[PDB]
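Shown next: target-v9.txt, given as compact mmCIF, C-alpha atoms.
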# COMPACT_ATOMS: atom_id res chain seq x y z
CA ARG A 403 -1.58 -12.46 105.87
CA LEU A 404 -4.93 -12.32 107.74
CA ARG A 405 -4.87 -15.96 108.77
CA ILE A 406 -3.24 -18.14 111.41
CA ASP A 407 -2.80 -21.75 110.34
CA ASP A 408 -4.03 -24.53 112.65
CA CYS A 409 -6.05 -22.06 114.71
CA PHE A 410 -9.80 -22.70 114.75
CA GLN A 411 -11.40 -21.21 117.89
CA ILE A 412 -10.65 -18.24 120.12
CA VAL A 413 -12.02 -18.62 123.65
CA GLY A 414 -12.10 -15.84 126.24
CA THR A 415 -10.29 -16.34 129.55
CA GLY A 416 -11.55 -13.09 131.14
CA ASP A 417 -8.24 -12.54 132.90
CA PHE A 418 -7.60 -8.80 133.11
CA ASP A 419 -4.09 -9.07 134.59
CA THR A 420 -2.72 -11.02 131.60
CA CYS A 421 -4.76 -8.88 129.20
CA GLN A 422 -3.18 -5.70 130.57
CA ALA A 423 0.26 -7.33 130.39
CA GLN A 424 -0.27 -8.36 126.74
CA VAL A 425 -1.77 -5.03 125.63
CA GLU A 426 1.35 -3.53 127.23
CA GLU A 427 3.77 -5.90 125.45
CA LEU A 428 1.95 -5.96 122.09
CA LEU A 429 0.47 -2.52 121.49
CA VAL A 430 1.58 0.10 124.01
CA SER A 431 5.28 -0.69 123.87
CA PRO A 432 6.33 -3.38 121.38
CA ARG A 433 10.10 -3.84 120.99
CA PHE A 434 9.79 -3.64 117.18
CA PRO A 435 6.78 -1.35 116.49
CA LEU A 436 5.08 -0.63 113.19
CA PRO A 437 6.76 2.18 111.17
CA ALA A 438 6.19 5.79 112.26
CA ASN A 439 4.21 8.33 110.24
CA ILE A 440 6.64 10.92 108.82
CA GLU A 441 5.10 14.35 108.14
CA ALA A 442 4.99 18.01 109.25
CA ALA A 443 2.20 17.42 111.77
CA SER A 444 3.95 14.39 113.35
CA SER A 445 6.67 14.40 116.03
CA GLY A 446 8.19 11.06 114.97
CA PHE A 447 7.60 8.63 117.88
CA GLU A 448 6.63 5.03 117.07
CA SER A 449 4.93 3.93 120.29
CA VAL A 450 3.14 5.23 123.39
CA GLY A 451 5.91 3.81 125.61
CA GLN A 452 8.42 6.07 123.83
CA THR B 353 56.79 0.74 104.25
CA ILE B 354 53.03 0.76 104.58
CA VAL B 355 52.17 0.98 108.25
CA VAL B 356 48.71 1.14 109.91
CA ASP B 357 47.70 3.15 112.97
CA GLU B 358 46.38 1.03 115.86
CA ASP B 359 45.03 4.04 117.79
CA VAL B 360 41.20 3.84 118.15
CA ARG B 361 40.77 7.59 117.51
CA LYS B 362 42.80 7.47 114.26
CA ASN B 363 40.48 4.85 112.83
CA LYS B 364 38.38 5.20 109.68
CA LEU B 365 35.61 3.19 111.42
CA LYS B 366 35.64 5.05 114.75
CA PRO B 367 32.91 7.54 113.80
CA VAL B 368 30.34 4.81 112.90
CA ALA B 369 31.39 2.52 115.75
CA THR B 370 30.91 5.44 118.19
CA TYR B 371 27.34 5.78 116.89
CA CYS B 372 26.80 2.01 117.07
CA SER B 373 27.41 1.42 120.78
CA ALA B 374 25.23 0.58 123.81
CA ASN B 375 26.79 3.81 125.15
CA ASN B 376 24.73 5.88 122.63
CA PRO B 377 21.12 6.55 123.83
CA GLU B 378 20.01 6.75 120.16
CA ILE B 379 20.53 2.96 120.16
CA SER B 380 18.65 2.52 123.46
CA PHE B 381 15.92 4.75 122.01
CA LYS B 382 14.95 2.46 119.16
CA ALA B 383 15.34 -1.26 119.89
CA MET B 384 15.26 -1.28 116.05
CA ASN B 385 18.34 0.93 115.59
CA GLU B 386 20.37 -1.78 117.36
CA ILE B 387 19.45 -4.13 114.48
CA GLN B 388 20.76 -1.83 111.69
CA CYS B 389 24.11 -1.55 113.45
CA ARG B 390 24.29 -5.35 113.63
CA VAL B 391 23.25 -5.67 109.97
CA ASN B 392 25.98 -3.31 108.80
CA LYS B 393 28.44 -5.52 110.74
CA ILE B 394 28.88 -3.29 113.82
CA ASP B 395 27.36 -5.00 116.87
CA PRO B 396 26.88 -2.64 119.89
CA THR B 397 26.93 -5.64 122.31
CA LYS B 398 30.59 -6.05 121.34
CA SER B 399 33.20 -3.57 122.63
CA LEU B 400 34.78 -0.80 120.56
CA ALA B 401 37.83 -2.98 119.85
CA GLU B 402 35.62 -5.85 118.63
Is it possible to express this structure as structure tokens?
Amino acid sequence: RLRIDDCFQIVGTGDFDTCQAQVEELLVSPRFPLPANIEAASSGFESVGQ
Amino acid sequence: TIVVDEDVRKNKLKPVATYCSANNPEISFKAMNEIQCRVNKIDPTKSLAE
């Protein structure tokens, strides 16, 4: 679960524009986000985009 | 003689199909809710008749 097969080194490309774009696509507004927390203190949204 | 209504409104499946349509913003809301409609054999990409 923690691994990626055939991947050995991560190298930085220091490219902010792509970084932003990816953070946007992957974390801030994924199409299929991780499940919401359901509880009294929570409004029910799944992502920041929403 | 057993006869079947062809009117969309007099259709046992109309309620669910109304919920599962690209028309409904609850489907736009969660890109994930579009999957459940497809899984339960009611694709919102298709028209009401389909």
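Reported to one decimal place, the separation of CA of residue 385 in chain B from CA of residue 438 in chain A is 13.5 Å.
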Counting only C-alpha atoms, give me one row per residue of chain A with an atom at most 12 Å from an atom of chain B, showing the shortest contact pair and its distance in Å to one decimal, sorted by chain then residue number, as CSV.
residue,atom,partner,partner_atom,distance
A:431,CA,B:383,CA,10.8
A:432,CA,B:383,CA,9.4
A:433,CA,B:383,CA,5.9
A:434,CA,B:384,CA,6.1
A:435,CA,B:384,CA,8.5
A:436,CA,B:384,CA,10.6
A:437,CA,B:384,CA,10.4
A:438,CA,B:382,CA,11.6
A:446,CA,B:382,CA,11.7
A:447,CA,B:382,CA,9.7
A:448,CA,B:382,CA,9.0
A:449,CA,B:382,CA,10.2
A:451,CA,B:381,CA,10.7
A:452,CA,B:381,CA,7.8
Original post:
Which value, in Å to one decimal, gives the distance between CA of residue 388 in chain B and CA of residue 429 in chain A?
Top reply: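 Interatomic distance, CA of residue 388 in chain B to CA of residue 429 in chain A: 22.5 Å.
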Report as a PDB file with C-alpha atoms, in the coordinates of the input all protein, DNA and RNA residues lying within 9 Å of range 359-372 of chain B, evaluated on all atoms listed in the file, omitting residues in the same chain fewer than 6 positions from it.
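Produced file part26.pdb, reproduced below:
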ATOM      1  CA  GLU B 378      20.010   6.750 120.160  1.00  0.00           C
ATOM      2  CA  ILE B 379      20.530   2.960 120.160  1.00  0.00           C
ATOM      3  CA  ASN B 385      18.340   0.930 115.590  1.00  0.00           C
ATOM      4  CA  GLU B 386      20.370  -1.780 117.360  1.00  0.00           C
ATOM      5  CA  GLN B 388      20.760  -1.830 111.690  1.00  0.00           C
ATOM      6  CA  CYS B 389      24.110  -1.550 113.450  1.00  0.00           C
ATOM      7  CA  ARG B 390      24.290  -5.350 113.630  1.00  0.00           C
ATOM      8  CA  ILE B 394      28.880  -3.290 113.820  1.00  0.00           C
ATOM      9  CA  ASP B 395      27.360  -5.000 116.870  1.00  0.00           C
ATOM     10  CA  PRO B 396      26.880  -2.640 119.890  1.00  0.00           C
ATOM     11  CA  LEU B 400      34.780  -0.800 120.560  1.00  0.00           C
ATOM     12  CA  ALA B 401      37.830  -2.980 119.850  1.00  0.00           C
TER      13      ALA B 401
END
Original post:
So what do you get for CA of residue 376 in chain B versus CA of residue 397 in chain B, distance-wise?
Top reply: 11.7 Å
Output, as AutoDock Vina command-line options, the centre and edge lengths in Å (one decimal) of the axis-aligned box that contains all listed atoms of range 374-386 of chain B with 5 Å of margin on each side.
--center_x 20.9 --center_y 2.5 --center_z 120.4 --size_x 21.8 --size_y 18.5 --size_z 19.6
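Ranking A:450, A:406, A:440, A:412 by their shortest atom-to-atom distance to residue 427 in chain A, with all atoms listed in the file included, puts A:450 first.
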